[PDB]
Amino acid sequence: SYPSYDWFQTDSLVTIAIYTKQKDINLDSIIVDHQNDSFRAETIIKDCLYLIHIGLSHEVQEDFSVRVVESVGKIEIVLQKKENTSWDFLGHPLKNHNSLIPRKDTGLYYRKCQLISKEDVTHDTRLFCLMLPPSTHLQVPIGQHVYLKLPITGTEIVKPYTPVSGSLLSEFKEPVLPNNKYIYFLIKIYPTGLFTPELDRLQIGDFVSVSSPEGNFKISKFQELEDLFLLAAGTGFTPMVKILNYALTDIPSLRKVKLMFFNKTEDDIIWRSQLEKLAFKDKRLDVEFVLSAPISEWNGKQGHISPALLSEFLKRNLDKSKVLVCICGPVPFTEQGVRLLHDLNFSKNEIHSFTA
């Protein structure tokens, strides 16, 4: 029982219908890109990718709509004809049209997004806001990353970054939107790096190529969760941002979320003030800052991730609960951390480590 597609037209519209044959399909299952005359829709179907890739017979307008009938996993993409005339056929198939291929074996697809704003968050970390083009539908699920790509002399360079929410605070958070055009990133600029100095040179209104999402985190790890622990070092905070928002809004069984955030100095605590206000106004959230190398008077915890520190933080309560520990940071920090969680008798199923 394989996926399939069809199409129909009215005087002014062209509709493409994708029949996934799947339950669980939603607007995160499909990415759509199109030009005036070319159309690409990739649909996530279990571990495979179903691709529609067609050069359209006539031109269509930039704005289009995408709708899912969730009972049967039917997706409809409605395009707008530039000229209200009848089409003789949909178009000429292009590379890999109507192909069903395992995701592992697929290549990254990119589209150009526009840099809209850039804000300093710490001395070396910015909040970037990119805007998808009107002719793209793309949602980045919780826990996943995308690759950014920039041209330099002779070539293009690529690095992955993990989209975040625009804020942790409800007054600045975006609402839940049928289709969000904006993607936010917290990105630390390394003066000796290759990619981030070039990203930091980009002017407002210039363009960056953004890949489709990647990553194995599955939101089902949150079903019925009661206690969530978050271990982050440095920019390993970024996957935690959307996880933290979800934890406080979309898990009715959640009793506690605890973040232990490791950094070098007070000035490296990304979003310190936002985390302090969030934690203070919601007793479900605890946040603890650990500094490896404070430069001012510091009453808080100090050091690196250790057997000692996780004993107190992850101390077992008297009652059994459904638990999840997410960890992200420098590779050795995460490898040490996961080794230490196994020593503390957490299962594979109770650990998620965000890595490449």
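In case it trips you up, residue 1 is the first one in the sequence shown, and so on.
- When the mean C-alpha temperature factors of 281 to 289 and 141 to 149 are read from the deposited coordinates, 281 to 289 comes out higher.
- As listed in the deposited structure, the average C-alpha B-factor of 10 to 18 and of 336 to 344 is greater for 336 to 344.
- Of all the options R40, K315, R67, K320, the entry's greatest CA B-factor is assigned to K315.
- In the deposited coordinates, the residue among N216, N263, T238, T136 with the greatest CA B-factor is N216.
- Ranked against the other modelled residues of its chain, the C-alpha B-factor of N98 as given in the entry falls in the middle third.
- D227: CA B factor in the middle third of modelled residues in this chain (values from the PDB entry).
- Per the PDB record, residue ranking by Cα B-factor puts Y109 in the middle third of the chain.
- Annotation for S273: CA B-factor lies in the lowest third of the chain's modelled residues.
- In the deposited entry, the Cα temperature factor of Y2 places it in the highest third of its chain's modelled residues.
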